[PDB]
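To keep things clear, I will list the structure first and then write my remarks on it.
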Amino acid sequence: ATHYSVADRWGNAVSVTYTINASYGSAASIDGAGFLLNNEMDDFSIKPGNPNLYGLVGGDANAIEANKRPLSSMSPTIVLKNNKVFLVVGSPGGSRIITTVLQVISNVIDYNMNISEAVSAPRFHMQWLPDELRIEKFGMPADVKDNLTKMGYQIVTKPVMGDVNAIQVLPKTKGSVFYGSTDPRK
Amino acid sequence: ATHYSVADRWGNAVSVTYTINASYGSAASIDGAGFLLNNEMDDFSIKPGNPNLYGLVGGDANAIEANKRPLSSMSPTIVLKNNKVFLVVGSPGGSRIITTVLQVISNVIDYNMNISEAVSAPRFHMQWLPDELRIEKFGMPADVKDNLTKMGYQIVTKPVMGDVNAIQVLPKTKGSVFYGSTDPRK
Amino acid sequence: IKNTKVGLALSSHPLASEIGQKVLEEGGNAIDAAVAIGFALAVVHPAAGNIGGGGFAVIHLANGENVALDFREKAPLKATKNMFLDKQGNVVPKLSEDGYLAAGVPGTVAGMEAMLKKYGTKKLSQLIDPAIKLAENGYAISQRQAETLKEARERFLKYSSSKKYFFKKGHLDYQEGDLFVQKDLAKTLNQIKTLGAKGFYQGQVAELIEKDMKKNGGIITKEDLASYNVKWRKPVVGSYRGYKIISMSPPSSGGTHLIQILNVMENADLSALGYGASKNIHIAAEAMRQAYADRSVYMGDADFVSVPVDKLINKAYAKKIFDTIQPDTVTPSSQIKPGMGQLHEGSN
Amino acid sequence: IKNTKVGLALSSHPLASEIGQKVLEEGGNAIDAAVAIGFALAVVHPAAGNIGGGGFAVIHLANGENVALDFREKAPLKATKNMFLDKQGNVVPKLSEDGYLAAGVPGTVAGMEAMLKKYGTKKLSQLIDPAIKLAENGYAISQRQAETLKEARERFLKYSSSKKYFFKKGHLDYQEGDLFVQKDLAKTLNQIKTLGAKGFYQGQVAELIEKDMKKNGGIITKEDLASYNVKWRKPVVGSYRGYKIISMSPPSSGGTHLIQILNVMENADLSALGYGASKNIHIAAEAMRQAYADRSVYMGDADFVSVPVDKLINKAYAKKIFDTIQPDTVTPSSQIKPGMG
């Protein structure tokens, strides 16, 4: 997946995440047509309790049926403030999408980060199975890691999570100022 | 002050920090010549124990005398690895220059940050008087602040420190790759 | 990155971003620009930008309305529950990940058209030209693209089609700076330019898709393509500390768990301790843990299964989750019960 | 930012960086690019880039040798120890900060020419052209520049010269996007192009400097300008975990204390706990605390006072400092002894 965010002068916002699933999808292209096929079928549960590419599991609800759409984690999001566009945000990352996006939103609303700060801030991740707290290199100092380990977390440092392209729209004395950030991880 | 860094293909490196002292120096220009005069005299000690614009004090060593050069904190620096240029680094920031530059260097050598990571990493500062640990917004989490406060530091959050422009030079098969970073604080 | 005139169109590739921004400069609306980017990324970011996959658009309109476009891929007409299992009932390695049977029916092209038809102001012919230009004339391979292409090498090598398209003559890896030209892709894009979505889902391209599927053990045919449909849905909506959250509903789990997790977090004053505090991280991570447990049981395509969206985003459920969070201590995943005894509709 | 062929020239203003980078692309060396940047920033970054100030260049050469160039300002010939004080020793407020008496003799022009003549390959007259073009034809005020100019307004208003140069007609602040043109600066830069450093330190520019100083209670004269001298000095050198550190020596304190603080830190394995660990911050901060106390007593221009550089950068001294750093408590500043005894 890849995420893109658009906001216009009339007050429309469009948040799009789209994907062929894995990097280069299924790796097979349609001969004569020049495009790669998705491997989106792996987003179904192909057998109960079997972990997929992102360690996600399922049973009946996300089992394969003809014509059914495989469950996604894509989270293209729009945040409103006073019924005006405030944030347009999303990310790739498979299972990490949901936690990446919510962290960017929290960084703005809870911590008063600007959109650039909110996107660049280190991210953590918990997806139940595997039972680990996933973090980024340089993302969490020893004191914080120590205290979380004492709570019972198993902390693991893995490659950086996500690729947020986000817009923050702020009211100006007349009209709007549109701010954008891409992701330093990309 | 402002810092600039240059490295060429032959192994020469030039690290320059230069200044008119305060922002816009003395604020006075030479009429007919179009340039601002420095206020570098404030970098002397004008009176034993009197704190200057950066809270720095002195006595005899940094007293004013005709033709004498006022003490600076500017730290244009080059780091070599195996006698080859490795880092070219420096910053403005008055008293904070020394600690800014050393933190960028430590971040590379001690923590294996690349130059972009090393420059963007939050910075702290201790200059003895005031007896305070100066930090940046979002730069230190609660757990770390708590532990340092328990040690006896008075932690204060102040405006971001410095403006590092730095180069890292790494060997490739044919010669070298040059990586640069400007400062996100800029 | 800032603008005060036409807004912003931001993506992961600067060429695609430029394309959308241009559409805003020339008077297109956010939907118009969204369409141009969708096709541009299909050319310049083939690891993820695509016409052979699918996705979602969440849209907020100037009139205040919110809508979600589902252009997610569909399992083929002939797909079955156990299609990826062997005779012993065990997963056939890589069958769901590599090759032609791994593919759902592409939604991207139908999705781009659907949003343009309903909410755009410009013609598909105008918005697709920049993509076609990039395909026809090419672009420079980036440092990162060289890296991802190399990583995918062994996967491409399995498919004659991919060995043609994603290597240089002699099956050589593309290198940073190399010009990458995609004429077959340009041909496909020209068909969509002329005929719209029908240029992908019918006619010559559909034939190409059916042919290559039959050649390589895929099950997608012209019938699956003819049967592909987008769906307009209500986004999932919630609130967090006075802000309205609008996100993707089923068949994404994303919007629902995003809202659910924020709902849990809303019960703590995170601002008190600030970014990166272990106490704050704990509340969030335990909220995440319950949410992903819930996901494993209660989430799927709501058109086909019962999905308790409203219960999952109910703040009262989130409050029950918050109350289960033990101070200074985790609840290991082994102990987590999906739904927390709250999502039972009788013995169902 | 990445380059694999000619290197990198990096500054705080993209127009100046571009100027330096082009010098590299055209085959100039790092010194050539550094000199072009020095003049360009004097036009496009007037808060700090300058011809009316000074600074330092630390240089590592292809042949392996290191050098430092001191183009720091000098106190004028008429400067005296108590010049910013009254008869009773009271500070005269802002006298060292705002206006003409606050200025040391500028070194930047002399420093640019000196490094170019010794280590450069191109002519000053060519390397200064891009700066002159920006001065003569203008560049756009950035958002940040609009902010810093606004913040300086009350200071500029004190001096008729700055009112002329740094405001629009009617003494109005420059706004973001405005074209900022500096004709008198281009005049000054053209004297430097045509005559070298003597175009600043002698002749008409020296006349304008001396006469504006006299009008406004400054003390810089033609004699000060004619006697301005750069100094080629040995850099201060140290080591940290197998890397060689080359930095600026007196009259900067920067290289000495940088090396001293790293020397203290070297006694711990910081890598073990990693970035941002309180135990690592504590070691660095206690090292800083002692270094800045030392700075207050031992540092100045070594041409005039004794500066114990070698003792300050001695690793055994740094180890003594390290030995005093307690695991779980600070050494309060009131308890620090400069030099530790």
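Things to note:
- Residue check for A:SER120: among the polar types (S, T, N, Q) and more than 8 Å from chain C (Cβ to nearest Cβ): yes
- Any hit, the stretch C:181-193, residues being of a type outside the set (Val, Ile, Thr) and closer than 16 Å to C:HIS13 by Cβ: yes
- In the condition set (1) crowded, with 24+ Cβ neighbours inside 10 Å; (2) within 7 Å of chain C (Cβ to nearest Cβ), A:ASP31 is compliant with all but (1).
- Qualifying residue in the stretch D:77-90 (condition: closer than 25 Å to D:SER249 by Cβ, facing chain B (nearest Cβ under 7 Å), out of contact with any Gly (no Cβ under 9 Å at 6 or more places or on another chain) and not polar (S, T, N, Q)): yes
- Exclusive hit being on the phi > 0 side of the Ramachandran plot and under 12 Å from the mean Cα position of the chain (by Cα), set B:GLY94, B:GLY32, B:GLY25, B:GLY55: B:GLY94
- Subset of the stretch C:217-272 [more than 29 Å from C:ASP328 (Cα to Cα) and hydrophobic (A, V, I, L, M, F, W, C)]: C:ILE219, C:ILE220, C:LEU225, C:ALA226, C:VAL230, C:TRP232, C:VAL236, C:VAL237, C:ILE245, C:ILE246, C:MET248
- The set of residues in the stretch D:139-156 that are among the aliphatic types (A, V, I, L, M) and more than 9 Å from every other protein chain (Cβ to nearest Cβ) comprises D:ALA140, D:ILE141, D:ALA146.
- Helices (runs of 4 or more DSSP H) completely within the stretch C:220-287 that count 1 or more residues being outside the structural domain of C:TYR317 (by CATH): C:222-227
- Exclusive hit being touching a residue at least 24 places away in the same chain (Cβ under 8 Å) and aliphatic (A, V, I, L, M), set C:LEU149, C:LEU157: C:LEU149
- Test: A:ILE105 is more than 14 Å from chain D (Cβ to nearest Cβ), touching a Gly at 6+ places or on another chain (Cβ under 6 Å) and under 29 Å from C:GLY238 (Cα atoms): no
- Residues located in the stretch B:100-157, provided they are touching a residue at least 60 places away in the same chain (Cβ under 8 Å) and of a type outside the set (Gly, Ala, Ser): B:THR100, B:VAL101, B:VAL104, B:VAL108, B:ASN114, B:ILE115, B:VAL119, B:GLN127, B:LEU129, B:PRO130
- In the stretch A:64-89, the residues that are more than 8 Å from chain C (Cβ to nearest Cβ) and not hydrophobic (A, V, I, L, M, F, W, C): A:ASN82, A:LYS84
- When the stretch A:152-171 is filtered for residues that are on the phi < 0 side of the Ramachandran plot and assigned to a loop (DSSP other than H, G, I, E, B), the ones remaining, listed by number, are A:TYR153, A:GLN154, A:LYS158, A:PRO159, A:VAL160, A:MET161, A:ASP163, A:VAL164, A:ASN165.
- Only one of the listed residues (C:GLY255, C:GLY238, C:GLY276) is of a type in the set (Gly, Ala, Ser) and on the phi > 0 side of the Ramachandran plot. That residue is C:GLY276.
- Flag for B:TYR18 being part of a strand (DSSP E or B) and either surrounded by fewer than 24 Cβ atoms within 10 Å (Cβ to Cβ) or without any contact (Cβ under 8 Å) to a residue 60 or more places away in the chain (or both): yes
- If you check D:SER306, D:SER247, D:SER271, D:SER252 for being among the small types (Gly, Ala, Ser), under 28 Å from B:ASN112 (Cβ atoms) and out of contact with any helix residue (DSSP H, G or I) (no Cβ under 6 Å at 6 or more places or on another chain), only one passes: D:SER271.
- Within the stretch D:40-67, the set of residues being closer than 30 Å to B:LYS47 by Cα and buried (at least 24 other Cβ atoms within 10 Å of the Cβ) comprises D:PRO46, D:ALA48, D:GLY49, D:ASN50, D:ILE51, D:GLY52, D:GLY53, D:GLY54, D:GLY55, D:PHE56, D:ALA57.
- Count of residues meeting criterion [out of contact with any strand residue (DSSP E or B) (no Cβ under 9 Å at 6 or more places or on another chain), touching a residue at least 40 places away in the same chain (Cβ under 8 Å) and crowded, with 21+ Cβ neighbours inside 10 Å] in the stretch D:202-228: 2
- Given (1) closer than 30 Å to D:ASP212 by Cβ; (2) more than 7 Å from chain D (Cβ to nearest Cβ), index of the condition B:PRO48 fails: (1)
- The listed residues are D:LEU189, D:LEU195, and the only one of them that is surrounded by fewer than 19 Cβ atoms within 10 Å (Cβ to Cβ) and either touching a helix residue (DSSP H, G or I) at 6+ places or on another chain (Cβ under 6 Å) or of a type in the set (A, V, I, L, M) (or both) turns out to be D:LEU195.
- Looking only at residues in the stretch C:308-348 that are exposed (fewer than 13 other Cβ atoms within 10 Å of the Cβ) and of a type in the set (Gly, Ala, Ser), the one that is nearest to C:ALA285 (Cα to Cα) is C:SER334.
- Here is the figure for the stretch D:148-161: residues that are out of contact with any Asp or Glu (no Cβ under 8 Å at 6 or more places or on another chain) and surrounded by fewer than 22 Cβ atoms within 10 Å (Cβ to Cβ) total 5.
- Residue in the stretch B:2-19 that is more than 7 Å from chain D (Cβ to nearest Cβ) and small (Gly, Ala, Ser) present: no
- Filtered residues of the stretch D:1-25 (kept if among the basic types (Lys, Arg) and farther than 10 Å from B:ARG9 by Cα): D:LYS2, D:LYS22
- Flag for C:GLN175 being surrounded by 14 or more Cβ atoms within 10 Å (Cβ to Cβ) and of a type in the set (S, T, N, Q): no
- Enumeration of residues in the stretch D:101-126 that are over 18 Å from the mean Cα position of the chain (by Cα) and either within 9 Å of another protein chain (Cβ to nearest Cβ) or not in a helix (DSSP H, G or I) (or both): D:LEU101, D:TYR119, D:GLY120, D:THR121, D:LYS122, D:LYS123
- 3 or more residues more than 13 Å from chain A (Cβ to nearest Cβ): qualifying helices (runs of 4 or more DSSP H) within the stretch C:173-216: C:183-195
- Unique match (being more than 9 Å from every other protein chain (Cβ to nearest Cβ) and in contact (Cβ under 8 Å) with a residue 12 or more places away in the chain) among C:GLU65, C:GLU25, C:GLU18: C:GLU25
- Looking across the stretch C:229-255, the residues that are at the interface with chain A (Cβ under 9 Å from one of its Cβ atoms) and buried (at least 20 other Cβ atoms within 10 Å of the Cβ) come down to C:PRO235, C:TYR240, C:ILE245, C:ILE246, C:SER247, C:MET248, C:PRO250, C:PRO251, C:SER252, C:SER253, C:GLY254, C:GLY255.
Positions of Cβ are backbone-derived with ideal geometry, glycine not excepted, and every protein chain shown enters the neighbour counts. Numbers and lists here come from the model and the stated rules, or from a named source; no laboratory read-out is quoted.
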